[PDB]
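Protein chains in written order, with the working numbering: chain B, 1 to 99; chain H, 100 to 179; chain S, 180 to 299; chain Z, 300 to 494; chain P, 495 to 852; chain E, 853 to 901; chain D, 902 to 1204; chain U, 1205 to 1313.
Ideal placement from N, C-alpha and C gives every residue a C-beta, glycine not left out.
For reference, the structure is listed below as structure tokens.
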Amino acid sequence: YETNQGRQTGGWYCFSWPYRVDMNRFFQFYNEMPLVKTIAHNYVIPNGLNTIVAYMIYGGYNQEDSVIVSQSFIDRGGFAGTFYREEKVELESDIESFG
Amino acid sequence: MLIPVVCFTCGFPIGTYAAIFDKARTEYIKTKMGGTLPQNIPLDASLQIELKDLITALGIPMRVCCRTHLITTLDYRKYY
Amino acid sequence: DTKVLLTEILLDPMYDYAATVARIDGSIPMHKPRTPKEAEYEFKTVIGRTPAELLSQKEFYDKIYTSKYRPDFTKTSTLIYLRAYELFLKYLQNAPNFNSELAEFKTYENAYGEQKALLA
Amino acid sequence: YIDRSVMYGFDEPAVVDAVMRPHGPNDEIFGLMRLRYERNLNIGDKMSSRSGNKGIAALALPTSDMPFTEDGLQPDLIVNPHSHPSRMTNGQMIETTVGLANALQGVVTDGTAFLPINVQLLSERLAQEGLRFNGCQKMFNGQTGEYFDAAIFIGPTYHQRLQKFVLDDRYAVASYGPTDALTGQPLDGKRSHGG
Amino acid sequence: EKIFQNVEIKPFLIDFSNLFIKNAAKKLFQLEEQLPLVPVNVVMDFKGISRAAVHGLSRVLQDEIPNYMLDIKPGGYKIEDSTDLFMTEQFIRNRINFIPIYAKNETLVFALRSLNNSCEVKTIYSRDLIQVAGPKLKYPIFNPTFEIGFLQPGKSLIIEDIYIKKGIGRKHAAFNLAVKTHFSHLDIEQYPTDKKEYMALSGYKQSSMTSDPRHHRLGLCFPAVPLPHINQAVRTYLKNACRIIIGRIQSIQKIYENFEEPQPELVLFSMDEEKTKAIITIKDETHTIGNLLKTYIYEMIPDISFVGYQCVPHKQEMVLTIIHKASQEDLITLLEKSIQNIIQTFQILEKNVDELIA
Amino acid sequence: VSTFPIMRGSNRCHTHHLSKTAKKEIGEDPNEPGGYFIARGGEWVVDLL
Amino acid sequence: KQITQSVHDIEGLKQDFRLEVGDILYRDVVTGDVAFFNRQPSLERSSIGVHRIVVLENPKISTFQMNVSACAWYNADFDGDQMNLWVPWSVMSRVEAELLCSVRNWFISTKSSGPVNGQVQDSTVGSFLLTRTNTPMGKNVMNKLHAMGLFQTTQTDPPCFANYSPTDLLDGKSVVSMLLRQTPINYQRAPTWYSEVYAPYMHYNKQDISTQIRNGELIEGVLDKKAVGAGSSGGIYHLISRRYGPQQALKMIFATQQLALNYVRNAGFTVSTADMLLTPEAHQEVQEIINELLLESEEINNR
Amino acid sequence: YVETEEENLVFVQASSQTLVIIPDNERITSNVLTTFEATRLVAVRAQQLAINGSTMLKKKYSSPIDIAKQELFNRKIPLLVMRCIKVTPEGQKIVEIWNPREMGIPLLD
Ligand SMILES: [Mg+2]
Ligand SMILES: [Zn+2]
């Protein structure tokens, strides 16, 4: 499951992202080397944050693998970023024109 | 892309001491390293670099959140 | 004619590289051409010919903007940046001894990349 | 004349940043504009620790409502303890119990697979760092200020935001829209704008 | 009466005894002293006060105190003039938002104008923020060392409208003022939690369900206060927090003293065995006011049938339910006595703040 | 009369004689190695069958 | 408009300004409306149920929020599941939904004739903690204030605590009984907390290994999966449904869930890396047991 | 597409039917509405109020679903339940016509 999720994880998706026009790409601003890193992080950029996680019961809103997230951690920039989309359209012939 | 202005968890402004901390950490790594290339530093089995006293001298308290987000946040200028 | 040429040239990576080197050396404004009239200025400075002159003749890769510092390739990041741009231009114009110069500059860039990896 | 213009469509407002009308392979122009979306971590976005514990973020608690330890530490994420025993993701807990000591010492450690590990020695490292032998701490309920009777295990666990956004996947269509010509039924999916 | 006892104030100072810190500071920032604004730690001791009041003070100082932000007016980020492709408006706005400022005037408008005329990746620092508005700053409102985003070679970034925005930390976390650093009850005994037999417990020798601590120690940290005005900044913060709590309690009192004209916030029912049920609803109220009201009502009416509140995360409201064996007028007057008790204790706290810190 | 798609990073890719900073300013990732094909505005990876 | 037999957008209906008998008005969903709630794959009869709409006015929220105890109908979890929801608009559809497709009809499984809903994970462990006799601090009691705090968020009619002094210590079984008296039932069964396999180790409190309820007065034992857990045949919610109705069973499920959740809100619960770490003597004993296993395996090999 | 072939084996106006009604003393179906029948009656009455609006309830209600439900509960529903399982080849429909004001009402709660 981790092999799947780490490849699904949002992070620095491309180092030259501004030059590109990519459909449905997310660029997570802040990334952190894990406090417990592995050999894999010598070769790839880590994607994620060292969030402080409390393994506790709090009001039951985190039952059945949900997560209670601090709104301040959201606001301060945690897991934030930019999400991109592209709309491209070509003229069928000289009959069409933009305007 | 840089050390956050404030610790994400609590909001203590580690961003003040960031720019000083990057250079100070670089200088300290320079002394604690040996015959080891920079790309092999996270591979040395006889290498131990503790930034506790350095961060303490920066005035940042003994907070898990602030020290974590200070010592771990990646810098975009370093990789790009 | 001029419209399609303007689009194509504006979209080359080479145009961006030459324009940003010109901005560094303060030959073109660091604005991006606000009104066509300054766009002609940026094109002339970056490529070397007005678009009509580009269409007229058939040799385009040489008069591109060259760094107006001529750094002593013998502050370190400035040297690396400008030498890399010069080697890019040399590759585009196919300068004679490009391969060995690229080899030695690759060695220098390897050393500088190692020293930048220390900062990481 | 006739109209073939393009409508935005998406409910979530976006920002335009693209000045380009390229010259395609067929030697013809096309639009190619790029839309930029401001994406924080919304309620419903998926997160997961490096041990494979997915979780949908459903609670937005202000910094005052978050539970906090005796010395002011509060979590970013509160994960249910029930997520562990069935999945046996002990790597996440060991990562937390090492990350506490690592954060206190200002270090980064290698937790690569099959490296020698001693949970007892890691916990004794926690003890010599000033914390409890386990990572447990005295927390206070943020809402009421009362302390929990049980010391709570809280520490820094690396977490990943999986790219399955709620704003992309949510859909709601009113009583009318594009219809299939053949069967007279609504078109298929969010992309077709109906169904 | 001294509810608020002695208070320790300790700013977080840079230790130039470390060679690396001194060398780095002098190498880039030419920094030889402490910064113009320092994060101060304030540890306070309270006696003869309910846990609800101390925690309400703590929460208010944390987020609910109206605090100031640096923000960018829409259109301030000059898309045309900002050449850099990596410094998006969102990233720079997020960096600038969370710079903790100590602003005394709200009309200070700052501008960012940074052109990278060189081949190196230029880093924008907080000293690059140029103020053109309002009275000239004789003391900076933020440290000049904050790292705003860098610039690639030949790229420029221009932001012309950076102003000071007022808000409360609850709505947006950039308005958060204080960060907690300590909280402990001084009357409850504590186990030696280092031992194995007590490591799994909170440490206090009494359960939370039965404890009623009356002697606390609340420790807070403020992110940036001017170096020569630490005590006055801390006093301003504490007095402001007490004032906010008094104001909100008085806002509740405003509808309390209106037991007729059934405003859609107070509904009173007399039901079954001559019992009175009172439901109070306030939109955009939190556990601070709710827990304060519940605690002081339960103090005033120890044999109450039921007093309880609920701040559901949705519906964004506090609903306080009081059931008592008394007529509607009697219950209303008892609850008014409780509200006046809250007001009185917070006025006492403000007065003790002024007496103590000075 | 033929054109053969070129894999990014191969000895017939233009980036093969560009330095890392040169790739940076061109628009490539300096750190990415390559190994994919660009075809009709996309990037395609020929996997190991 | 029936007079025009055409539909109109209210942006241009400023001058009409009124409705009339025989007109059809399409209005936004409001709290209290009934909505159909479905999850693919739809394998069970309860895969499509009618819930009452609670509109969350906070614009930042775009998810479908539903109680954890309701997952058992749809076999759903919150790891990323997506669920369909359509609000009936016709009058016949609304009548049918609220009279026949209401989720109270699916409280008792059509498959196994037992209950599907109950307390899961959080609420199960919370009920166990609340109903047990002793905590590590001693007797499992709470003062009047915290007893009232337990009933704060049950949405019911809160009971009468006027007979308790502020220093009076209420038992957990006491407050559970003050909740269960609203639907008095009789229940007598051993709890899942009591297992013979554990029994030789750890000293079970004799007041916890037998759960007894007489007319809603829980006076024995603890409440756990056997009594309140979801899908537990003969549990208290099953009896509540049999005696008073599945709707009252759902109401009691919510009320008991809130009791357990608030008691854990004030009691706390966690799992730690040292909870799963053996003592060195225990590790040597585990090694000895595995060595004996390998020894008899090697004896097979020697044969 | 190949149909995987096990290839298994095996006056357009129908004559009108006369509605024969079983006498009330020979009706064998249960005298209590099924939840299906009660739901159908409430829905039909509620829609009829939605289109007509007239009512026989002495208490004002703001919603047709409530008026119809209370009409069912108070045993003044203006609708008969026709229960029919028979159609004879002889062209005859055998039904039981039940008055819900006399039938017992299911739970519906
Ligand atoms: Mg799932
Ligand atoms: Zn912090």
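Tell me which residues share the same chain as D/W990 and place their Cβ nearer than 8 Å to its Cβ, disregarding the 5 neighbours each side in the sequence. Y927
Sorted by chain position, which residues of the same chain lie with C-beta nearer than 7 Å to P/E526's C-beta, five sequence neighbours on each side aside? In the same chain as P/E526, and ignoring 5 residues on each side of it, the C-beta atoms closer than 7 Å to its own belong to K520, in chain order.
Please classify P/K689 as buried or exposed, where buried requires at least 16 other C-beta atoms within 10 Å of its C-beta. exposed
Burial state of H/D121 (16 or more Cβ within 10 Å): Buried, since its Cβ has 16 or more Cβ neighbours within 10 Å.
Is it the case that the segment 391-398 of chain Z contacts the segment 418-425 of chain Z, given that we only count it when at least three CB pairs across the two stretches are under 8 Å? yes
Between the CA atoms of D/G1027 and D/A1150 - distance to the nearest angstrom: 19 Å
Taking C-beta to C-beta, are B/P34 and B/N47 nearer than 8 Å? no
Have a look at P/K496, P/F540, P/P533, P/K516 and flag the residue whose alpha-carbon is nearest the alpha-carbon of residue 860 of chain P. As displayed, chain P neither begins before 495 nor continues past 852, which places residue 860 of chain P out of reach and without an answer.
P/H709 - DSSP class collapsed to helix/strand/coil: strand
Residues around ligand 2, please: the condition is that the C-beta lies closer than 6 Å to some non-hydrogen atom of it. H/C106, H/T108, H/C109, H/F111, H/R162, H/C164, H/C165
Three or more C-beta pairs closer than 8 Å, one from the segment 998-1011 of chain D and one from the segment 944-954 of chain D: is that the case here? yes
Note down, in chain order, every chain E residue with its Cβ under 7 Å from the Cβ of B/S16. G879, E880, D881
Is it the case that the CB of D/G981 approaches a heavy atom of ligand 1 more closely than 7 Å? D/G981 Cβ: within cutoff of ligand 1.
Just to confirm, does Z/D468 get its C-beta within under 7 Å of one of the non-hydrogen atoms of ligand 1? no
Check whether the Cβ of D/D978 sits closer than 7 Å to any heavy atom of ligand 1, and report yes or no. yes
Any residues in the segment 1009-1033 of chain D with a beta carbon nearer than 9 Å to a beta carbon of chain B? Which ones, in chain order? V1021, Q1022, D1023, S1024, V1026, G1027
How about S/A296: is its C-beta nearer than 8 Å to some C-beta of chain H? Closer than 8 Å: yes.
For the putative contact between U/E1275 and U/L1261, defined by C-beta atoms under 8 Å, what is the C-beta separation to the nearest angstrom? 6 Å
Measuring alpha carbon to alpha carbon, tell me which of D/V955, D/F1008, D/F979 ends up nearest D/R1143. D/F1008
Using the beta-carbon of each residue, which ones in chain D are nearer than 7 Å to U/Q1251? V992, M993
Quick one, which of P/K632, P/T639, P/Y633 has its alpha-carbon nearest P/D622's? P/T639
Close Cβ partners of H/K177 (< 6 Å) along its chain, the five nearest in sequence each way excluded: Closer than 6 Å at Cβ, skipping near neighbours: no residue.
Considering only the beta carbon of each residue, do D/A1156 and D/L1031 sit closer than 8 Å? no
So what does DSSP say about Z/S348, is it helix, strand or coil? strand
Interface positions of the segment 320-336 of chain Z facing chain S (Cβ-Cβ less than 9 Å), listed along the chain: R320, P321, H322, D326, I328
Using a Cβ-Cβ distance under 8 Å, would S/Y260 count as near chain P? Taking 8 Å as the CB threshold, S/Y260 lines the interface with chain P.
Is B/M23 close to chain D? Criterion is C-beta to C-beta, closer than 8 Å. no
Distance cutoff 8 Å, beta carbons only. Does U/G1257 sit that close to anything in chain D? yes
Alpha carbon to alpha carbon, what distance is there between E/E880 and S/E288? 16 Å
Rounded C-alpha distance that separates B/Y13 from B/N31: 11 Å
Reference B/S66, options B/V53, B/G77, B/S72, B/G78, closest by Cα: Of the residues B/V53, B/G77, B/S72, B/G78, the one whose Cα lies closest to the Cα of B/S66 is B/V53.
For D/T1084 and D/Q1159, believed in contact at Cβ under 8 Å, the rounded distance: Cβ atoms of D/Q1159 and D/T1084 stay farther apart than 8 Å, at about 15 Å.
Return yes when at least one heavy atom of ligand 4 lies under 7 Å from the C-beta of P/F540, else no. Of the ligands one can find in the structure shown, namely ligand 1 and ligand 2, none is ligand 4.
Outcome for U/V1206 when other beta-carbon atoms lying within 10 angstroms are tallied against a minimum of 16: exposed
8 Å Cβ cutoff, B/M33 in contact with chain C: Here chain C cannot be found, since the structure's protein chains are B, H, S, Z, P, E, D and U.
Kindly say whether P/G697, judged by its beta-carbon, lies nearer than 8 Å to any beta-carbon of chain Z. yes
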